[PDB]
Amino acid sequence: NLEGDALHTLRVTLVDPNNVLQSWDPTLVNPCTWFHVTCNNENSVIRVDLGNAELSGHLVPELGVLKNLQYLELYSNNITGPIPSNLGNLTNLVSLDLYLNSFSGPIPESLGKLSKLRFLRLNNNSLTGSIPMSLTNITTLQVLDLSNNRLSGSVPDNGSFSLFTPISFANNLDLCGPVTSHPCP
């Protein structure tokens, strides 16, 4: 189906030395029997579990078509390139775990449209630029780690970010504001 096609598109752009995606057969009616894919009772993908799989390569915008996806687990890998803006189209996403990768570029402003997100871990990446103010509109956000990145600018302290402590924003390039040491110009 469309969800299977989207996940297969990801497989072709990922480099998979240990063949963890061997079960990802696009000829199947749905990807629910694929290992590392969990589906709901309506056979729609709710989890992708690909942590610590020695995966390299880049992500695809096609991941956005997974409308019911709740858990994206791509952590502890060597995935490079930008975080796709289309991840903001994952309306039901509860966890975005892209930590311990070589992701470069900005944290997309689109991620603010993830209304139900509770966990955002982008730590231990090479991400650059400012933390979007959109993220503060995520009422459900309870865990945030943007540490060990090359981010800069003011750290938002309103909305969801009100409760967030320094360990969340530690070891960044030039972050300023109350949670940080240096105040903002």
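Residue numbers here begin at 1 and follow the sequence given.
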(message) Using only C-alpha atoms and the B-factors in the entry, which stretch averages higher, 155-163 or 31-39?
(response) 155-163
(request) Between 130-138 and 40-48, name whichever shows the higher mean Cα B factor according to the PDB entry. (result) 130-138
(message) Test of reading the entry: by CA B factor among the chain's modelled residues, which third contains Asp174?
(response) highest
(request) Would you mind ranking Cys184 by its C-alpha B-factor against the rest of the chain and naming the third, lowest, middle or highest? (result) highest
(request) Would you mind checking where the Cα B-factor of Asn149 ranks among the modelled residues of its chain, as the lowest, middle or highest third? (result) highest
(message) Going by the CA temperature factor in the PDB record, which third of the chain does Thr13 belong to: lowest, middle or highest?
(response) highest
